[PDB]
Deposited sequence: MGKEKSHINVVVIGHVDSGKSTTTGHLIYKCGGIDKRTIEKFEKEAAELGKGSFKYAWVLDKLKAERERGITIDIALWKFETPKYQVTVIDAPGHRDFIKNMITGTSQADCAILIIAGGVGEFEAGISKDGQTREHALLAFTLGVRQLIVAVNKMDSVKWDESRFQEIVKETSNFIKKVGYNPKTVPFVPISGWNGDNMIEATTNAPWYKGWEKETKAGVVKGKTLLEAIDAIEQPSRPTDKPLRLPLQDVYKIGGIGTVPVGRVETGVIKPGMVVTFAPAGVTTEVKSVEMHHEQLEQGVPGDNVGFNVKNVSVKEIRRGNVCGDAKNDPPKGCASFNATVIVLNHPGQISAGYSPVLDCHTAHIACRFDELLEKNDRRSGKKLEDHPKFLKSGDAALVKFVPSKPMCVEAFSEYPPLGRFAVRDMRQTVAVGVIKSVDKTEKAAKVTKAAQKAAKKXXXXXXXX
């Protein structure tokens, strides 16, 4: 096997879309998750006849086994394509997943929208108020610009070409209203249950010539969903950007001292760098870096690392502070920041003065909606009005935020993981924000004391 690049994919779709069987099939045949449980049920399946079994039957038994709490593997799921190691999320319906999608680890490089082909199930899935549209809108807002559509349950409509064409037409309208360009989107007719066009091409649709998508360099074509995933375009990783490392935890370890832990979001951390912690503005040398079982010569974007620093107490740095390179655009606290806010469906309206909690990277801080500066056309960004008096569900707006506690944030264009946030209220995420500008920034330690 050859060396693979890493990509993240999120799979979205209505409860009747079959997206869990579809995702499960890819992980089963192209990955290695819960394989002892898989093997138990492959052997058990001999009982159904004389030995043959359907992958979907095994997936059903694996699901029941997971529900019992007795499978071993964690919920971090991966599979292979020829080019890639794919980390995949079968998006939960859980309402607390929304914050996790915005501030959790790793934005998706590509969304896969699974569409049920049956007449009643298709219509149910494209409701403007449905969870599926909200997930698609969140992905689009967060900069997931690549999309694949799989039209599932094609067996149930007898692999009819006209039905597929009408679904493609209506789904193209659905995703265009969100903001995707349908010409860049492969549409793949599949059967997640029977395997058609998943890893091997279907024999049930002689009319089917394959999917295509426009790209910057030409037109890419294929037959299967696995081919469409392999054709995802290689995103650029922020290795050469300045270091940003939001803290998750801070430990005091006997014989070692202070050990902050967090994910490298941009740049690289190395022993011997001099780093600064914002918003406090404490500066110190990195003594060593560790991750899991290994000591590192460098932690790179995506690594969750511990690192040891001297002359910093566990009391002067905390979760939500941001570590960066003192020698290369060091991080700073802010007096305010202006962000584009997309208001999600929720039982309320927003006026200036609203002060909910914002989750941004590892920070969890109430911020005032100090001014509503603009309302905008969401897809184009065009200003529709100055100083709207309130925001309602669906609005896109430029808002000036004032944090209630010292807070380090960034413009999304510069440091994307520190420039997106979730707004929490009424036991849900009520809005998603993308930071567009930041107003960034002596007292002696003796004087402070």
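- Message: Numbered from 1 along the deposited sequence, what ranges are absent from the coordinates?
- Response: Seq positions lacking coordinates: 1, 443 to 458.
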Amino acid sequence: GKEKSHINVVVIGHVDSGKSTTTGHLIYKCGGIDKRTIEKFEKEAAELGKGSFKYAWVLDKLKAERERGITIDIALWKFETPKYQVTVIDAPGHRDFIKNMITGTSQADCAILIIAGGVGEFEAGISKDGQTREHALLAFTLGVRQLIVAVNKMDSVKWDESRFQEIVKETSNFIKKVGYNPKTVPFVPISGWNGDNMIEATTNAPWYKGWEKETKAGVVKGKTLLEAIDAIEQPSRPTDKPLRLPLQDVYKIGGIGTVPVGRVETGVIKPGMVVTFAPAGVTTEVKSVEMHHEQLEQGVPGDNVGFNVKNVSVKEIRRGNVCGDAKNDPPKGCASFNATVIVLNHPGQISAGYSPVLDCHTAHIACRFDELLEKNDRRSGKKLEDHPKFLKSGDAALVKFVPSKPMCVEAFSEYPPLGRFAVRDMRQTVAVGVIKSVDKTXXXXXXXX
From here on, numbers count along this sequence of modelled residues.
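Take the two forms, find the largest set of C-alpha atoms that superpose within 1.5 Å, and that set is the rigid core.
- Output the stretch, either 70 to 78 or 133 to 141, that has more C-alpha displacement from this form in 6 other deposited structures of this protein following superposition by the rigid core. Greater root mean square C-alpha distance in 6 other deposited structures of this protein: 70 to 78.
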